[PDB]
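*Asks:* Structure, please.
(5 chains)
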Amino acid sequence: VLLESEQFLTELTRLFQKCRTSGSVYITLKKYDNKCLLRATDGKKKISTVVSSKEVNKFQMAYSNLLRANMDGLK
Amino acid sequence: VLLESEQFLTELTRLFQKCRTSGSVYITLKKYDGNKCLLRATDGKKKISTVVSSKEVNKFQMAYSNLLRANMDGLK
Amino acid sequence: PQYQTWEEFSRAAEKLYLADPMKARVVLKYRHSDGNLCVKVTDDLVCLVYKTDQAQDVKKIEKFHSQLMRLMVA
Amino acid sequence: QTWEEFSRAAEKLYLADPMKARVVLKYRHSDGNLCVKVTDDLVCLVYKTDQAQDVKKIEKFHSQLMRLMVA
RNA sequence: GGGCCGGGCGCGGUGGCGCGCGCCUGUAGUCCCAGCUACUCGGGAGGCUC
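*Replies:* Numbering: from 1, shown residues only, chains lettered A, B, ... in the order given. Here you go:
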């Protein structure tokens, strides 16, 4: 079941937040069939969405910010 | 850009002043026709040139010579 | 195979995706508690893998994604 | 010598064909160094300096070459 | 209506384009502005030439 582009990004932000303490986030990207499917899960809970040319712009920047700010633990 | 005798000198002074911290000030001289010579100056960003004729060479060279000598004091 | 520099793995990965923009898939796994990232690109027969714990990389990746996301949508 | 010789070669090119050659002059205040070059795109004759006593002659060689172009 | 008003190497920027910094180097023959919003595709003003 697909989620609206925006909603997707909120659930995702949430996954990361829940997995900080101790867990893992998985995000996968594949051509949908022009669109591309995007899925993410923490092991149990699973979220997905489809991003098109109609929406790549608003989405990339948002998605970009999400990944950058939430992957902090590294050296 | 092609300037008039004067103009060129003031723009040129700047090129040196706008490069005292870094960058290179180029100047190429050349015999020109299509008697006159083509004078060009560039800092890499802004370009400027002028056309010097036998009619003004003395008056122009007077200031141009002081200009080059004063702005180029920075070597060993 | 796994790679030691983002440079290689990048084209390696991009090229691989290119030779079949339909089977290929890219997954990412971040574990905050261990402080490491891990990108892998598969074909379910071929598998490329990059592992890191250098923050200097998160951007290189968020980019890669943003890059792959462009092909998939043109 | 080097400078005295150099000028000769240059004034040789200017005369050989004063319509195909040109003369560049690169001043790099920071690194602190001057550089004169006279070419004909078939003969790269170039002279670099960093010492201060060398500006005067380089500038004169410039002013002159100009005069032969306007004479 | 179409072509052109500079080229080269390195670093930086952006999904990408325009773009920023450093160095090198041309012609008789370039200026201004930040923009475009999935796009090998931002906008204005001059000049040259079919």
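
*Asks:* can you pull out the strands in chain A?
*Replies:* Secondary structure of chain A, counting by DSSP state E: strands at A:25-32, A:35-41, A:46-52.

*Asks:* is the longest one up against chain C anywhere?
*Replies:* Yes. For strand A:25-32, a contact with chain C is found by C-beta under 8 Å from any C-beta of the partner chain, at A:25, A:26, A:27, A:28, A:29, A:30, A:31, A:32. Using the backbone N, CA and C atoms, a C-beta is placed for each residue, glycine as well.

*Asks:* Tell me how far the residue of chain A found nearest chain D lies from residue A:52.
*Replies:* Closest approach between chain A and chain D, counting by C-beta to the nearest C-beta: residue A:75, at 36.7 Å. Counting by C-beta to C-beta, to the nearest Å, the separation of residue A:75 from residue A:52 is 37 Å.

*Asks:* Those two - which one has more neighbours?
*Replies:* Legend: neighbour count by other C-beta atoms under 10 Å in any protein chain shown for residue A:75 and residue A:52, higher for residue A:52 (14 against 10).

*Asks:* wait, the more buried one sits on residue A:37?
*Replies:* No. The pair residue A:52 and residue A:37 does not pass the contact test of C-beta atoms under 8 Å, sitting 10.9 Å apart.

*Asks:* quick one, what contacts residue A:23?
*Replies:* When contacts are counted by C-beta atoms under 8 Å, 6 or more residues apart in numbering or on different chains, residue A:23 touches A:42, A:43, C:31, C:32, C:33.

*Asks:* Which phi and psi values does it adopt?
*Replies:* Dihedral angles of residue A:23 (phi, psi; degrees, to the nearest 10) stand at phi 180, psi -160.

*Asks:* show me the contacts for the residue nearest to the spatial centre of chain A.
*Replies:* By C-alpha atoms, centre = their mean, chain A has its centre lying nearest to residue A:12, at 4.8 Å. Neighbouring residues of residue A:12 by C-beta under 8 Å, 6+ apart: A:27, A:40, A:47, A:66.

*Asks:* For chain C, which segments are assigned as strands?
*Replies:* Along chain C, counting by DSSP E, strands occupy C:2-3, C:25-30, C:37-42, C:47-52.

*Asks:* what's the closest of those strands to residue C:12?
*Replies:* Taking C-beta to C-beta, strand C:47-52 is the member of the strands of chain C nearest to residue C:12, at 5.7 Å.

*Asks:* Am I right that residue C:49 is in contact with residue C:12?
*Replies:* No. Contact criterion C-beta under 8 Å: residue C:49 and residue C:12 do not qualify, at 10.2 Å.

*Asks:* if I look at those two, which residues touch both of them?
*Replies:* If you check residue C:49 and residue C:12 against C-beta under 8 Å, 6+ apart, the residues they both contact are residue C:3.

*Asks:* What is the neighbour count of residue 31?
*Replies:* Reading this off chain A. Residue A:31: 19 surrounding residues under other C-beta under 10 Å.

*Asks:* Hmm, no, I was thinking of chain C.
*Replies:* When counting by other C-beta under 10 Å, one arrives at 16 neighbours for residue C:31.

*Asks:* re the thing from before, what would the strands of chain C look like in TSV with mean neighbour count and distance to RNA strand E?
*Replies:* Formatted as TSV, those follow (neighbours: other C-beta atoms under 10 Å in any protein chain shown; distance: least, C-beta to the nearest atom of the strand, whole Å):
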stretch	mean neighbour count	distance to RNA strand E
strand C:2-3	14	19
strand C:25-30	19	14
strand C:37-42	20	15
strand C:47-52	17	17
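
*Asks:* Out of these, which gets nearest to residue C:61?
*Replies:* Each of the strands of chain C was scored for nearness to residue C:61 using C-beta to C-beta, and the closest is strand C:37-42 (5.9 Å).

*Asks:* so who does the residue in chain C positioned nearest to chain A touch?
*Replies:* As assessed by C-beta to the nearest C-beta, chain A sits closest to residue C:72 within chain C, at 3.4 Å. Neighbour list for residue C:72: A:29, A:30, A:31, A:32, A:34, A:35, A:36, C:21 [criterion: C-beta under 8 Å, 6+ apart].
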